[PDB]
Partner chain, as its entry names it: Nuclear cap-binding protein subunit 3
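Just one chain follows, in the form solved without its partner chain, and it is written as structure tokens.
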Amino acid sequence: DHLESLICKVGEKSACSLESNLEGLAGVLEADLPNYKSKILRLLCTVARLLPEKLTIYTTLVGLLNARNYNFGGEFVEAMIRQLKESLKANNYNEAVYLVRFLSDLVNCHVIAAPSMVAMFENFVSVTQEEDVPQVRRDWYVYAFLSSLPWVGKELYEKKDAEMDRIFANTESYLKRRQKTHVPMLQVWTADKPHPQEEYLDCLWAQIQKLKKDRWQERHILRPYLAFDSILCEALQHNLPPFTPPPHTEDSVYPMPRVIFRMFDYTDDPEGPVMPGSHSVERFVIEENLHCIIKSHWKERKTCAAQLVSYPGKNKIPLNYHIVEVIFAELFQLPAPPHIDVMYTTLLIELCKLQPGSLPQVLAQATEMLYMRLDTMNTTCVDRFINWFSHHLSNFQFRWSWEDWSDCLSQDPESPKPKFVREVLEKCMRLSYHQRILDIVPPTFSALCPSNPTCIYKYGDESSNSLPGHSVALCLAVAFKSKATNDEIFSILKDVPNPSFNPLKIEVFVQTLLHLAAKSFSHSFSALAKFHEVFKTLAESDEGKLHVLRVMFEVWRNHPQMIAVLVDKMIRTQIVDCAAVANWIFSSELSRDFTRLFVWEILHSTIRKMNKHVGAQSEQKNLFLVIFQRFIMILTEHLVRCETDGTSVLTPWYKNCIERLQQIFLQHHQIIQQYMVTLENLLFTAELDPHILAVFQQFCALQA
């Protein structure tokens, strides 16, 4: 309690200097060692594992305690090694890295002997020598080594440069033979201009190469221990026992490979501090620490924004740019962001509040840049951009200089930019209303605005007496008004001809039940629940469910949000099933709205519900099989028709279709992994056009 607060608070807001507080804490801990050594050892191992953003602050504290008490220092180190093995054993490689870095920096604090770390790293790199083991296993150990260098590279080289060169040789040889099949599936942009979206290991290697070329000198990391050279130098070091990486097992789970998000360079902030380059270790450390800060404080938006803004460094940096960049890097991360998407929206708002005179401008600028680079942006990321921007706009009076994006008006309506604007406007309307959005946009954008979400009745004041089951529905309209029961509506649907499954009976029942409830969502939900017995009966068939969806769509095709909520309700009440909805989405009826966001939101919402169904493994697996089949079929038809008619393959329609397939894998990779054999044998075989097959091979590379 008390001791935990002291250790966790060191380095924060204080009238005294950091070194002062550090030495002040070392004293307090030393005094409590006789009665609370166990608690102190645990707490220190804990901040080493959970507070990586404060790595040098705590390594220094350990160094000072080690100087005063060599025994305690040896126990701490022993405890760290034990926690590391347990972390690896539990597949917590992500936390394992912070421990490896903590042990590395401890060398600088004269707590651990340089030779010990060099010896351990050799065993790390030897992992790349293991045969028949996942590349993601080999990658992690390489990453653990390299990402430690920014902190201990200098020391390690100045003591065992000979040993370090052998390690670098093996490391480089390994990096040269790695597969990059995953890259295309994880890049936020395909274009390599203005910034290539690089594979994380190739990037880090380049940053370390630059560091090595600079005699292992970087200008960012804060090292409080340099102020205690007197004490630490006269402190005895400890040796690390030989380290043996836990062997690979069928139960081993390693981190997926990553691709570095990049959108800024020093030229984006001319009148500010020089932004560290994409290939500098400073850029790596800065971003890694800011990601860590968000990871620690994601539940407290105000505290998270304050910690990001108060981020410290050895030299000035264009922090606002780094912060916004790191946030978009998380929001746009593939397969998924580290935290729920909505948190990033509120987090940026809190940052605008904290740096009112500078953040809002950096953000408007980034938003301008994201827009202008939309042509090669992956569909999954575009969806998040659309959802963020619109939500953001709704928190600031929907104010925006749309005329700055007029360049979209003269483009193909299917092109990224104009489509983006249309989806944003559509999203803004859902948070407001038609006329509202129609006024916030320039006259030259009235076309890109969403149509008015008005109901559609085939048997309304426009219909004709010459319509199938016309009068039968007109009689139902009165039946619903007079408040009838299921049995009553049943007998009323008897007077319907059959052009079991009766298409007309279902049409008149829906076209009428929906129209007389076109008021609100609760009006529709209360209608479905009321005549639920009737629905089940009329939609017992699969063709019945598929028709209920087809009619409901022809009634609310101008109100995409109503379609979503209606589909979700029918599924939850067993009016229809996930399979019928999946088929409905690929039906020719929605072929024209197939590229619109609401379609994919409905699909993904449907899959999510299925993923929650208990004891439905078979049904869940079948849902995915069906989706993949439909995709393979429509994609193949397009690809063949382009080869037979010698037409363009990469059309806006294709970009979406192929990326929506990719999105299924990204969004549900863990589940889909269980279907590997079935997929390689029955669906994604060597017979598929390489365009389609590549998406499956990319998916497999995520854990290969």
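Numbering follows the first chain given and starts at 1.
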Self-check item: Size class of the missing deposited segment between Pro499 and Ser500
Solution: 10 or more
Quiz item: Averaging C-alpha B-factors over each stretch, which comes out higher, 544-552 or 320-328?
Solution: 544-552
Practice problem: Using the B-factors recorded in the PDB entry, average over the C-alpha atoms of 107-115 and of 505-513, then report which stretch comes out higher. | Solution: 505-513
Quiz item: Among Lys210, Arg101, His470, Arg608, which residue carries the highest C-alpha B-factor recorded in the PDB entry?
Solution: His470
Quiz prompt | Options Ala79, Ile386, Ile340, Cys233 - largest CA temperature factor per the record | solution = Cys233
Exercise. Among all modelled residues of this chain, ranked by Cα B factor, put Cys642 in the bottom, middle or top third, i.e. lowest, middle or highest.
Key: highest
Quiz prompt | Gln667 by Cα B-factor - lowest, middle or highest third of the modelled chain | solution = lowest
Practice problem: State the tercile, meaning the lowest, middle or highest third, of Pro34 with respect to the CA B-factors recorded for its chain. | Solution: highest
Quiz prompt | Chain-wide C-alpha B factor ranking for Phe594, given as lowest, middle or highest third | solution = middle
Quiz item: Which third, lowest, middle or highest, does the CA B-factor of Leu175 fall in along this chain?
Solution: middle
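The form deposited with its partner chain bound exists for this protein as well; it is not shown, and the discussion that follows is about that form.
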Quiz item: Which of 128-136, 344-352, 537-545, 210-218 has heavy atoms within 4.5 Å of its partner chain in the entry with it bound?
Solution: 344-352
Quiz item: Looking at the partner-bound form in the entry with it bound, is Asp404 within 4.5 Å of its partner chain by any heavy atom?
Solution: yes
Quiz item: Does at least one non-hydrogen atom of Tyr266 fall within 4.5 angstroms of its partner chain in the entry with it bound?
Solution: no
Practice problem: Spell out, yes or no, whether the shortest heavy atom distance between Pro356 and its partner chain in the entry with it bound is within 4.5 Å. | Solution: yes
Quiz item: Is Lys302 close enough to touch its partner chain in the entry with it bound, meaning at least one heavy atom pair within 4.5 Å?
Solution: yes
Practice problem: Please pick, from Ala364, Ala306, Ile456, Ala227, the one residue with any non-hydrogen atom lying within 4.5 angstroms of its partner chain in the entry with it bound. | Solution: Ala364
Quiz item: Among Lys193, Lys180, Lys314, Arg399, which has at least one heavy atom within 4.5 Å of its partner chain in the entry with it bound?
Solution: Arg399
